[PDB]
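Undergrad: next input, structure requested:
(2 chains, ligands or ions: 1)
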Amino acid sequence: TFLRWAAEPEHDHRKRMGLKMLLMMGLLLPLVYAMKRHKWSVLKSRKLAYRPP
Amino acid sequence: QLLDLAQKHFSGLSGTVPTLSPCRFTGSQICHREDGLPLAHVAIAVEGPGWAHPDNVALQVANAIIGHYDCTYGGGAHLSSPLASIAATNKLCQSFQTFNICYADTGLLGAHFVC
Ligand SMILES: CCCCCCCC/C=C/CCCCCCCC(=O)O[C@H](COC(=O)CCCCCCCCCCC)COP(=O)(O)OCCN
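TA: Residues are numbered from 1 along each chain as shown, chains lettered A, B, ... in the order given. Provided below are the atomic coordinates:
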């Protein structure tokens, strides 16, 4: 246990950040994904019509 | 005399109900691309208030500020409307009009340009 800490003092801080990164990404990934779908909805919905005389 | 004549000729007319459903407005785009035509027409409008509303006055003031333009219009660069002076100055279009089209409880408020 001491030898792990000696090799990687950061072990605990890193793991705390990991949690906060996972949390923020849980928020931000569906959020931005939703933003994407909104803008693109104009295009996703569109219907095409060919009408030569 | 008009009223008499009305009574005389029209009184057989029936008065005995088609009333108008609200009309739902929708933000939308319709594009007929036809490259073979020589100029493009664009009409754009927001939902307006409809015949009765007192906003139509203030809206028509605003529409008049922005105005209408046609490439025969003498005013050109010196015109009062920024849209028109800029459109004349930079040959942005042949023409445009603001409109406020009024219906029962809805309308088209905007502008059409050819360019
Ligand atoms: C010009 C400005 C540049 C800014 C870039 C904008 C980033 C946009 C995307 C963000 C992704 C969302 C996930 C981030 C999780 C952040 C959570 C968090 O607070 O973590 C940070 C470390 O995280 C972190 O350090 C994680 C950050 C991950 C960002 C890496 C991408 C950018 C590369 C930077 C390289 C130069 C510190 O947490 P603690 O030490 O507990 O501090 C407590 C609060 N002050």
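
Undergrad: for the ligand, what's its nearest residue on chain B.
TA: residue B:27 (31.3 Å; C-beta to the nearest ligand atom). For every residue, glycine as well, the C-beta is placed using N, CA and C.

Undergrad: over to the residue nearest the centre of chain B: give its phi and psi.
TA: With distances taken as C-alpha atoms, centre = their mean, residue B:99 lies nearest the centre of chain B, 2.7 Å away. Dihedral angles of residue B:99 (phi, psi; degrees, to the nearest 10) stand at phi -140, psi 160.

Undergrad: so what's it up against?
TA: Contacts for residue B:99 (C-beta atoms under 8 Å, 6 or more residues apart in numbering or on different chains) come out as B:45, B:63, B:108, B:109, B:110, B:111, B:112.

Undergrad: go ahead and confirm the second one touches residue B:98.
TA: Read it as residue B:63. Yes - counting by C-beta atoms under 8 Å, residue B:63 sits close enough to residue B:98 to count as a contact (4.1 Å).

Undergrad: what sits in contact with each of the two?
TA: With C-beta under 8 Å, 6+ apart as the test, residue B:63 and residue B:98 reach no residue in common.

Undergrad: give the buried residues for stretch B:69-77.
TA: Within stretch B:69-77, the residues that count as buried by 16 or more other C-beta atoms under 10 Å in any protein chain shown are residue B:69.

Undergrad: ends of it, how far apart?
TA: 11 Å (C-alpha to C-alpha, to the nearest Å).

Undergrad: report the distance from that stretch to the chain centre.
TA: Relative to its parent chain, stretch B:69-77 has a centroid offset of 20 Å by C-alpha atoms, centre = their mean, to the nearest Å.

Undergrad: ok, stretch B:76-86 next?
TA: For stretch B:76-86, the distance to the chain centre is 20 Å (C-alpha atoms, centre = their mean).

Undergrad: please point out which parts of that stretch sit buried.
TA: B:79, B:81, B:83, B:84, B:85.

Undergrad: interface residues of chain A facing the ligand?
TA: A:16, A:17, A:20, A:21, A:24, A:25, A:28 (C-beta under 6 Å from any ligand atom).

Undergrad: helices - which of those residues land there?
TA: The helices, defined by DSSP state H, take in A:16, A:17, A:20, A:21, A:24, A:25, A:28 from the residues of chain A next to the ligand.
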